[PDB]
Every structure is written in structure tokens, then in C-alpha cells.
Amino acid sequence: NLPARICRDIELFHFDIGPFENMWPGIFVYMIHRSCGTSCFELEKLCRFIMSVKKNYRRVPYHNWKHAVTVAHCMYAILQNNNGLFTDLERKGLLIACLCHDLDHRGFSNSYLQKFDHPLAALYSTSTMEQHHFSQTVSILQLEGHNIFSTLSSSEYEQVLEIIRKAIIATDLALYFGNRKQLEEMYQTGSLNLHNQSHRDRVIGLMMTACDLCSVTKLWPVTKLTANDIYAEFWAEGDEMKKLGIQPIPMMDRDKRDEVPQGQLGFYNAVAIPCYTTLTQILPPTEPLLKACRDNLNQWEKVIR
């Protein structure tokens, strides 16, 4: 049961889940119980499911089990501050999707799997790792004693698996540019309709981006330390590009590590700032995510000065 500090701070968008792994299942149970009532799930089955999810994340620098529970926490905070917009089934699907959305990641991009000619890239030619993450989730749910949705009707099971598949695939950041461009146009023409399932699927895709990127919405010491882990994987991938005989892009080239601050400025301006600006226009109570992101941009601008 939750320590008082955590019961309080868990409600902040910039909560950090701490270094005790064994506290994370209970943090996730607490969130999904607070969002979806306690009858939502059988505690034993859900416990079994969380441990199996944990076991199928790898010990890589950034796309690991801590990233998964962090992305789930950001979704919890968005859903808690947007009471009555999403259904109980959407709330449960989206927290499950976040916990599962990088299952079995090895720390390499879809672009590297494609250049390597990995077998996953023949199986899933677009959104390769994300199609795999969703495949892993379904395989885990299919293990004995792991069907945390066994009390739903067949129709509601199929519906929640669809909420989860679309939410996982939307974490392919290649898809975010076009999604956010469509949402911005809907917002500005006043045509966005949350009753329209295609529009609602877009807003959930943007939620998934905002949660996947949320290191840039923590406080600066967290954001800066997290950036170490993000570059650790990118530089490992850049080494592997070099070994295939392909010069990596600068972000993946550890010899270009002095240009980190400039690369962060690029990212914030092209991706994170527009992402949280669009999200705040659609869901005004997400505004703290945007304010934290602007503060971090100003920190990277300070490092440059």
C-alpha cells in the first residue's frame, strides 16, 4: 500500500516513479483502480499479468520496464485531469496499452531493423516494432491465468483489444507528424468532434505521443538524466549502423555528442512543443505538460549559452 508521499505526488504530471522496481506494480494497480474502480480487475490475475509484462521488457538503457510504467503514469495523470471524457473501457485499455507499448524492445529503431534486414521487418513492414509490441501483448493475454479481460463480453474484449492495438501503433513517432497536423486543422476549423470515432482515435494517438515523450515534461534534473539513457541507446544503434557500413545520422553518432543541446532544441521545436501545444488546445487541463516542456526548452537554451 502507497506511502503518503507517493499518494500525494502521484497526482502531479511531473511525478518520477523512483528506483525501487518492486514498488512499480503496486503504483500501476493503484492507478488503474483509481481510474477504473477496484472491480475493474481480479487482483491475482492482474498481478500475474504485470509480472509477465515486466519479464518481457529487456534490460536496455531507455525502452525498458521503467519507461513503460512512466508512460502509464503520464496517461493516468491526463485521464485523472480530464474526468468524464473517456469511458471506463477506454481508460483501462489505454493504461494497459501504455504498460505494454514497448514490449520486447531491444533498443533499436524501425529504421535499423529495416537496414539490418531483420525478420520482424519482413513480417511487419511499417511500424515494425509497434506491430511486434501489440503481438507480444496479445500473446501475454493468451497465457493461462493472464486474461485480465476474461470478465468482459466477447464484443467488449474485441473492442478493448482494438483500443490497445491503435494506441500501441500510434507510439510509432513517424505517425505523429501527420496525426498532429490533422488535429491542428480540425481544432482550428472547429470541426473536431470527440463523438466521431475517427477523430477520438486521433486524440487518443496524440495522448499516446504526449505520454511516450513525457521525459521532456518532468523537472529539469529528471529530464536531463533521462536524456543520458535516450542517447545511450541511440549511440549504441549508431555503432551498429557503422558496423553495417552505413553512416548514422548525427543524433545516433556518438562522435557528434557535443551537438546534443542543438539536437534537443530541434526536437523540442519540431516535435515536443507542437505536441503539447496541440494537446493543451484539445484538453486544457494538460497545460502543466506544456509549461514543463517550455521550461525544459529554456534549460537546453541555457546549456547552449
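Just count from 1 along the sequence shown to find any residue number.
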Of 33-41 and 260-268, the one with larger mean CA B-factor
33-41
Which of 141-149 and 160-168 has higher mean CA B factor, as the PDB entry lists it:
141-149
Whose CA atom has the top B-factor in the entry, of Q247, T70, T278, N64?
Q247
Deposited CA B-factor, highest of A122, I204, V222, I78
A122
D255: CA temperature factor from the record, placed by chain third, in the highest
Per the entry's values, where does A236 land by CA temperature factor relative to the rest of its chain, in the lowest, middle or highest third?
lowest
Using the B-factor values recorded in the entry, state whether the Cα atom of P25 falls in the lowest, middle or highest third among the modelled residues of its chain.
highest
Once the chain's modelled residues are ordered by C-alpha B factor and cut into thirds, is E90 in the lowest, middle or highest one?
middle
Chain thirds by Cα B factor, record data; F134 belongs to the middle
